[PDB]
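A.B. asks: Protein chains in written order, with the working numbering: chain G, 321 to 540; chain S, 470 to 1020; chain E, 349 to 398. From the three backbone atoms N, C-alpha and C, an ideal C-beta is built for every residue, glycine too.
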Amino acid sequence: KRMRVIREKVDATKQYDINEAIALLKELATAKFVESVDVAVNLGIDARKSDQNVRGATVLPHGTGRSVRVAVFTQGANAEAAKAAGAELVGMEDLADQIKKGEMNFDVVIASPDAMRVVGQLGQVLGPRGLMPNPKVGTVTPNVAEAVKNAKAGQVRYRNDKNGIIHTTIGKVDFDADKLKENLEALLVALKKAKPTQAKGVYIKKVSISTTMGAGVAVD
Amino acid sequence: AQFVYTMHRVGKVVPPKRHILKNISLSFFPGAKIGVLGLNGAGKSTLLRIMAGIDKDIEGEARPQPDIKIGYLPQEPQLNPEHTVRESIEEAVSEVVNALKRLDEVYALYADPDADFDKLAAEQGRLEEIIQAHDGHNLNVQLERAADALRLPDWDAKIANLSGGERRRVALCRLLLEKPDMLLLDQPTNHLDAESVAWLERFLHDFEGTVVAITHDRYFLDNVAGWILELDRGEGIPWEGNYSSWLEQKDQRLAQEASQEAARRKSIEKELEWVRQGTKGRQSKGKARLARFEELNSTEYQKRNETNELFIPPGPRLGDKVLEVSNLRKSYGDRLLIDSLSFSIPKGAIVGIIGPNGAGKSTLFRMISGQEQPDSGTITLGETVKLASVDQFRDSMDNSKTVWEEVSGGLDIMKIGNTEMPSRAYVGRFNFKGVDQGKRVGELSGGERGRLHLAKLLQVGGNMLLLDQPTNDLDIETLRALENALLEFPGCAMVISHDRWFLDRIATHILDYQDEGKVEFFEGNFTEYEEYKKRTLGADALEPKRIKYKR
Amino acid sequence: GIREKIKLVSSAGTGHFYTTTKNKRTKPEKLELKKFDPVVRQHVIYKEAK
RNA sequence: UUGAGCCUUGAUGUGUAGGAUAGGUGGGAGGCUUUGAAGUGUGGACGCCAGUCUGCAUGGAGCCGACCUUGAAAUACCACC
Ligand SMILES: Nc1ncnc2c1ncn2[C@@H]1O[C@H](COP(=O)(O)OP(=O)(O)OP(=O)(O)O)[C@@H](O)[C@H]1O
Ligand SMILES: Nc1ncnc2c1ncn2[C@@H]1O[C@H](COP(=O)(O)OP(=O)(O)OP(=O)(O)O)[C@@H](O)[C@H]1O
Ligand SMILES: [Mg+2]
Ligand code: NA
Ligand code: NA
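1. Between the C-alpha atoms of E793 (chain S) and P815 (chain S), what's the straight-line distance to the nearest angstrom?
2. Taking the DSSP output, what are the residues bridged to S813 (chain S)?
3. Along chain S, which residues have their Cβ under 9 Å away from the Cβ of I350 (chain E)?
4. Report the rounded CA-to-CA distance for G879 (chain S) versus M890 (chain S), giving the unit in angstroms.
5. Within 9 Å (strictly less), CB to CB, does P376 (chain E) reach chain S?
6. Would you list, in chain order, the members of the segment 606 to 617 of chain S that have their beta-carbon closer than 7 Å to a beta-carbon of chain G?
7. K370 (chain E) versus chain S: which residues are under 7 Å apart at the beta carbon?
8. Does the separation of the CB atoms of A818 (chain S) and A962 (chain S) fall below 9 Å?
9. Which residues does DSSP pair with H488 (chain S) in a beta bridge?
10. If we call anything under 9 Å between Cβ atoms a contact, is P649 (chain S) one with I537 (chain S)?
11. Any residues whose CB sits closer than 5 Å to a heavy atom of ligand 5? List them in chain order?
12. Please say whether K799 (chain S) and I965 (chain S) have beta carbons closer to each other than 9 Å?
13. With DSSP as the reference, label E775 (chain S) as helix, strand or coil.
14. Excluding the 5 residues flanking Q518 (chain G) on each side, which residues of the same chain have their C-beta closer than 6 Å to its C-beta?
15. Quick check on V744 (chain S): does DSSP put it in helix, strand or coil?
16. Could you have a look at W668 (chain S) and say whether DSSP puts it in helix, strand or coil?
17. For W624 (chain S), report the span of its alpha helix (DSSP H) as first-last.
18. I want to check one thing, is the minimum distance from the CB of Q544 (chain S) to the heavy atoms of ligand 4 below 8 Å?
19. What residues are listed by DSSP as bridge partners for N480 (chain G)?
20. Between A511 (chain S) and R702 (chain S), which are expected to be in contact by the criterion C-beta below 8 Å, what is the C-beta distance as a whole number of angstroms?
21. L741 (chain S): buried (16+ other C-beta within 10 angstroms of its C-beta) or exposed?
22. Within the segment 509 to 591 of chain S, note down every full alpha helix (DSSP H) run reaching 4 residues or more, in order along the chain.
23. Could you work out which residue in S:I807, S:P782, S:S714 is closest to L955 (chain S) when comparing CA atoms only?
24. Thinking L923 (chain S) and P939 (chain S) are a contact (beta carbons under 8 Å), I'd like their distance in whole angstroms, please.
25. Using the beta-carbon of each residue, which ones in chain S are nearer than 9 Å to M412 (chain G)?
26. Which residue marks the beginning of the alpha helix (DSSP H) containing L344 (chain G), and which one marks its end?
27. If you draw a straight line from the alpha carbon of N826 (chain S) to that of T977 (chain S), how long is it in whole angstroms?
28. Where do the ends of the beta strand (DSSP E) carrying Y336 (chain G) lie?
29. What residues in its chain sit with their C-beta under 6 Å from that of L380 (chain G), if we drop five residues either side in the sequence?
30. I want to see whether chain S comes within less than 9 Å of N454 (chain G), judged by CB atoms only; does it?
31. On the CB-based measure, 16 or more other CB atoms within 10 Å of its CB, does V460 (chain G) come out buried or exposed?
32. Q444 (chain G) CB to nearest chain S CB: under 9 Å?
33. What are the residues that DSSP puts in a beta bridge with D937 (chain S)?
34. Near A470 (chain S), which residues of its chain fall below 8 Å by C-beta distance, leaving aside the five closest residues on each side in sequence?
35. Can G705 (chain S) be considered in contact with ligand 4, in the sense that its beta carbon sits closer than 8 Å to one or more heavy atoms?
36. Would you mind giving the Cβ-Cβ distance between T367 (chain E) and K355 (chain E), rounded to the nearest angstrom? I have them listed as a contact below 8 Å.
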């Protein structure tokens, strides 16, 4: 259907300005969905190499538009603070028997730098799943309010594809051109910070931004 | 098309002054498949040891492209006898396992605040990066998939208590788990059975990277290789084509070389006749012609071709009762290899023992030689029988000793049954016909190792032979010589092998292993064995599945 | 003339070497002797090289 | 007439367990198809032989997710791949 027309409508054989592409992105209004985005960027890194694998977290002015339920696996006197600071799933490390069984999914894995005795599944059943984060990523630290604030603001984590591709969300099209430009610039500068020790070619081989149903337009 | 590997003017010199490789200039391009041919001693394993970076002594320049991984499998894959199957396997993924253990150690940080963040949490990122470079967490599944695809033994099994074929499979799995871009294989089908070889050759055909494989066989080579590197005495000769066309080209090359050498002999004799004349007056004679004759008197390298000299000494006279087994049965733990096997060996017979890997082929030889004790007993030999046994593994010779010392033990006269034989003559009967007596056992090549093994183990003079994979590293020439020697044998022999053609050209009784530990015995050769199967056959033809490696 | 020329390279890390000959056929194992190293002025191990 | 490269458009990815061919993270919710089907008859291709992809014909509104007991999830796009 609408694909069999937007394929004719698109002219994705060129490289577009970041603000000359927002008009083409908004042109997709003829499609029916919630129209979130899946902005993807490349890198001059070899995912076979450990020292070139790129991972981290960011903070953006607006958010993803979806609530991410973050956990806090450090119970005790800090359990009340974790629950009242923005812990959508208040399950302590010693309280992971029942809340963990009840909640089969969430937004952000627990991050408790002052108490992280829990391992999880004994075989990477949670770390391998990606939800289980590490303190160096930015989740586990002495502060507890940091994780709650990141969950509320929808801080997104970078994941390195097999070919060095990094994918991220900005939200639905109800965000405006200026908001989109701000978020993509934040992502680009974060990638500039997180460029590894090897800088081959261009740190952004290609950058494209697309909706959940529509086309993907290069941002150059 | 950027190459993958390059050699320019690559040359190697061995003890004294012998140019095994002289001026080998070659380039290796992506997706290539090369089969390296040659006799037993040509320099194939040398060239692959150079290509692996292990040997830098060479003259010239050999180098791969940067950031391309070379997986080198030699033709002597070594493994840790203490290690079990998993203890040997994980070394191919050791980075992920070591990093995971370090993560386990690090996770006590968030328990106890001792040197909390600025000292090890940052390095936790490097550890998670080394995990990320691979799958890391989904690693047990990777290991299980590799074991399933390669039909590995269960991880609880040790490495010393492993059959040669499964040992080679373990080496193959540990090599391919590294996931390289250029495979160097030094006889990768040394101890493999039919299904394992077929799977390996299909995998090699599917392999995206470059493959350089040394093989003395022809059918697997026709399967895998894209072109051939002949690697004659000194010089490497590329070739596009199949094994039979390459063979034809090789005979033409050798015939032309023989003709040119004969013409050289003719011309040298003529010019010597001229040199041996007088001046006849006060005239020239001439120094230019003298110089031409002196430079014409040069040296040419004869082929060190083994050919038909493999000396199997005749044993004592053999009566009609040679060997008999009754209801033989053997099991290990819960898996049973031989169950209710009975058969008698008439004199003069060659028994081709065939079957899959670790089916019990070598353990049968252990029982016959008396080093193992069967559960159901009743193994017997005639009183005239004298046993000479050749093992599947060459790990019994002192690599320090020379060829002559190791074969003969230092005694100038060698006793073989009734007749005393000169040790040097006996050793030279096995193609060590020159100063090759002085070479060291460790410095010998794989095929020369097999030849020396046969020479050392046939001297006992038994009229019953128990040969276990006797043609492992041998080429076609030594293989044919051994086949002829086996045919001209008065006694009887039992040969375990995986070469169907070699077994078919000599076997008179087939002893074939099957599933559930049944060892079918068939008196006859392979032609009539196949005819019997066709006479009473089953309706299907599809063995393999060709599972996978990736994902 | 079967005794090729070899140099024993110091293991002290400096580039210093004694030089000698060796029967490369009868003695394939690499030579190893404790000789004086005038660079560091200590008797250290020298190992065979090309 | 070809050879090589590059960009697009397609087509393709049988381990075990799983409903049955599951490439990778996606990132999100349901869309798909009705711009005529979940199919039957037919033709080719792949085929690790289970099978899913395909040009057609009247008939053209129902196929999967979501539910989870599997290391992973459901061709439900454009993607740079
Ligand atoms: N240090 C040495 N001194 C003298 N001769 C040596 C030395 N090392 C190796 N050789 C000889 O060099 C020859 C080449 O051996 P190499 O292993 O390269 O042969 P190959 O054809 O690859 O063998 P194979 O196919 O049987 O594995 C052999 O005859 C070997 O004895
Ligand atoms: N002591 C032992 N304990 C347990 N299992 C053993 C022991 N010795 C051998 N095995 C196993 O029993 C089987 C017997 O194999 P064996 O060494 O007799 O030769 P094969 O497998 O018939 O032939 P090939 O050597 O050609 O592979 C193999 O699977 C081997 O790993
Ligand atoms: Mg020198
Ligand atoms: Na070799
Ligand atoms: Na064995």
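C.D. replies: Judging by the given coordinates:
1. Translated into positions along the second sequence, residue 793 (chain S) becomes position 324. Translated into positions along the second sequence, residue 815 (chain S) becomes position 346. Taking the straight line from one Cα to the other gives about 9 Å.
2. Here the question's residue 813 (chain S) lines up with position 344 in the second sequence. DSSP lists S:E793 as partners of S813 (chain S).
3. Mapped onto the third sequence, residue 350 (chain E) falls at position 2. Here the neighbours are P484, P485, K486.
4. Translated into positions along the second sequence, residue 879 (chain S) becomes position 410. Translated into positions along the second sequence, residue 890 (chain S) becomes position 421. Here the C-alpha atom of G879 (chain S) lies approximately 13 Å from the C-alpha atom of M890 (chain S).
5. Taking the first residue of the third sequence as position 1, residue 376 (chain E) is located at position 28. Yes, because at least one Cβ of chain S sits closer than 9 Å to the Cβ of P376 (chain E).
6. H606, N607
7. By 1-based counting over the third sequence, the position of residue 370 (chain E) is 22. Result: empty, since nearest Cβ-Cβ is about 10 Å, beyond 7 Å.
8. In the second sequence, residue 818 (chain S) corresponds to position 349, counting from 1. In the second sequence, residue 962 (chain S) corresponds to position 493, counting from 1. Going by beta carbons, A818 (chain S) and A962 (chain S) fall inside the 9 Å limit.
9. As a first step, residue 488 (chain S) must be located in the second sequence, where it is residue number 19. Bridge partners of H488 (chain S) according to DSSP: S:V482.
10. Here residue 649 (chain S) is taken as the residue at index 180 of the second sequence, counted from 1. Here residue 537 (chain S) is taken as the residue at index 68 of the second sequence, counted from 1. Yes. Within cutoff.
11. In chain order, the hits are S:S632, S:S831.
12. Position 496 of the second sequence, counted from the start, is the residue given in the question as residue 965 (chain S). Position 330 of the second sequence, counted from the start, is the residue given in the question as residue 799 (chain S). No, the Cβ-Cβ distance between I965 (chain S) and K799 (chain S) is not below 9 Å.
13. Position 306 of the second sequence holds residue 775 (chain S). Coil, per DSSP.
14. Residue mapping note: residue 518 (chain G) aligns to position 198 of the first sequence, counting from 1. Only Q372 meet the Cβ criterion.
15. Within the second sequence, the letter at position 275 stands for residue 744 (chain S). Per DSSP, reduced to three states, the secondary structure at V744 (chain S) is helical.
16. Walking along the second sequence from the start, residue 668 (chain S) turns up at place 199. Helix, per DSSP.
17. One-based indexing of the second sequence puts residue 624 (chain S) at position 155. Looking at the DSSP string, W624 (chain S) is not in any alpha helix (DSSP H), and its letter there is neither H nor E.
18. Your numbering for residue 544 (chain S) matches position 75 in the second sequence. Yes, the beta carbon of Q544 (chain S) sits closer than 8 Å to at least one heavy atom of ligand 4.
19. Indexing the first sequence from 1 puts residue 480 (chain G) at position 160. DSSP lists G:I486 as the beta-bridge partner residues of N480 (chain G).
20. Counting from 1 along the second sequence, the entry for residue 511 (chain S) is found at position 42. Counting from 1 along the second sequence, the entry for residue 702 (chain S) is found at position 233. Their Cβ separation, rounded to whole angstroms, is 7 Å, which keeps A511 (chain S) and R702 (chain S) in contact under 8 Å.
21. Within the second sequence, numbered from 1, the residue matching residue 741 (chain S) stands at position 272. So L741 (chain S) counts as exposed.
22. 513 to 520, 554 to 558, 563 to 575
23. Translated into positions along the second sequence, residue 955 (chain S) becomes position 486. Here the closest residue by C-alpha is S:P782.
24. Residue mapping note: residue 923 (chain S) aligns to position 454 of the second sequence, counting from 1. Residue mapping note: residue 939 (chain S) aligns to position 470 of the second sequence, counting from 1. At roughly 7 Å, the Cβ-Cβ gap stays under 8 Å, so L923 (chain S) and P939 (chain S) are in contact.
25. In the first sequence, counting from the first residue as 1, residue 412 (chain G) sits at position 92. Correct list: empty, because the minimum Cβ distance to chain S is about 14 Å.
26. For the purposes of this step, residue 344 (chain G) is taken as residue 24 along the first sequence, with counting starting at 1. Start and end: 341 to 346.
27. The residue you call residue 826 (chain S) lines up with position 357 of the second sequence. The residue you call residue 977 (chain S) lines up with position 508 of the second sequence. Whole-angstrom Cα-Cα distance: 22 Å.
28. Taking the first sequence and counting its residues from 1, the one referred to as residue 336 (chain G) is at position 16. No beta strand (DSSP E) contains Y336 (chain G), which DSSP labels as neither H nor E.
29. Position 60 of the first sequence, counted from the start, is the residue given in the question as residue 380 (chain G). Cβ neighbours of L380 (chain G) beyond the five flanking positions: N503, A506.
30. Start at 1 with the first residue of the first sequence, and residue 454 (chain G) comes out as number 134. Taking Cβ atoms only, chain S reaches closer than 9 Å to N454 (chain G), which makes this a yes.
31. Residue numbering aside, residue 460 (chain G) sits at position 140 when the first sequence is read from its first letter. Burial call: buried.
32. For this step, residue 444 (chain G) is matched to residue 124 along the first sequence. It does; some Cβ of chain S falls within 9 Å.
33. Here residue 937 (chain S) corresponds to residue number 468 of the second sequence, with the count starting at 1. Beta-bridge pairing links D937 (chain S) to S:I965.
34. In the second sequence, residue 470 (chain S) corresponds to position 1, counting from 1. Result list for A470 (chain S): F498, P499, in chain order.
35. Taking the second sequence and counting its residues from 1, one reaches residue 705 (chain S) at position 236. Incorrect: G705 (chain S) has no Cβ contact closer than 8 Å to ligand 4.
36. Here residue 367 (chain E) refers to the residue found at position 19 when the third sequence is read from its first residue. Here residue 355 (chain E) refers to the residue found at position 7 when the third sequence is read from its first residue. Confirmed, about 5 Å.
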